[PDB]
């Protein structure tokens, strides 16, 4: 995508060399924003082939309130393998926080149900937020939340969403993240009888790993193609009733995929 390739180039041009947690080294910038008019098409990267099944299953897994990779494995999704324990658990990550944020007194808050009811009963609200950044359970998570905070917004019958990503691996994670959130907005809009608006992505530490330089240069030489179109084939009784089988992508004609190692 135009704005994705531009960020990719910006990181190369203005990035500072940093020794990161993995000891791999990164080139990074701090503070960046992008906006995607979802009406213009589904923001799935065309300069390299991305696989929807992993994106879709991870999102459905999140909405289930699940934190164990078992489900992901039943569907051949291996993206979280390197951080799960002997028992396949990742800790109280995204899924647990979305559906059952634990209160200090033992209760649990379901942020997704709250958000649904807000979009339906009070769309003008400036508090339609979901946060995965639970400070009191951070030490129990396999990896701290990358996409950690998002807010919904409704104007002119259109639903927009802004994500704050504290840490962003531009080559591997960013394409997944954008598509995952674009997808959720479509599901939310469908469940709330709203049209899709914009997806605004805001990043904190935005980086390119040193061992992704070749892959980046390769990708930067490819011309972006027209964005695909998402089609939801069924309308479930609720936001928790979607299945992988309900999503179809039309007109996705990307450039060949590019392989790259993950920083553990």
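Residue numbers count along the first chain shown, from 1.
(request) Mind pulling up the entry and telling me whether 152 to 160 or 115 to 123 has the higher mean Cα temperature factor? (result) In the deposited entry, the stretch with the higher C-alpha B-factor mean is 152 to 160.
(message) Tell me which stretch has the larger mean Cα B-factor in this entry, 67 to 75 or 184 to 192.
(response) If you average the C-alpha B-factors of 67 to 75 and of 184 to 192, the larger mean comes out for 67 to 75.
(request) Please work out which residue in 97, 87, 165, 177 has the highest C-alpha B-factor recorded for this crystal structure. (result) It is 87.
(request) Determine which member of 197, 43, 226, 204 has the highest CA B-factor, using the values in the deposited entry. (result) By C-alpha B-factor in the record, 226 ranks first.
(message) Where does the C-alpha B-factor of residue 53 rank in its chain, lowest, middle or highest third?
(response) Highest third - that is where residue 53 ends up once the chain's C-alpha B-factors are sorted.
(message) Using the temperature factors of the C-alpha atoms in this entry, rank residue 29 within its chain: lowest, middle or highest third.
(response) It falls in the bottom third of the chain.
(message) Lowest, middle or highest third: which one holds residue 7 when the chain's residues are ordered by CA B-factor from the entry?
(response) CA B-factor rank for residue 7: lowest third.
(message) Among the modelled residues of this chain, does the Cα B factor of residue 91 put it in the lowest, middle or highest third?
(response) Tercile = middle for this residue's CA B-factor.
(request) Grab the CA temperature factor for residue 104 from the record and place it in the lowest, middle or highest third of its chain. (result) Highest third.
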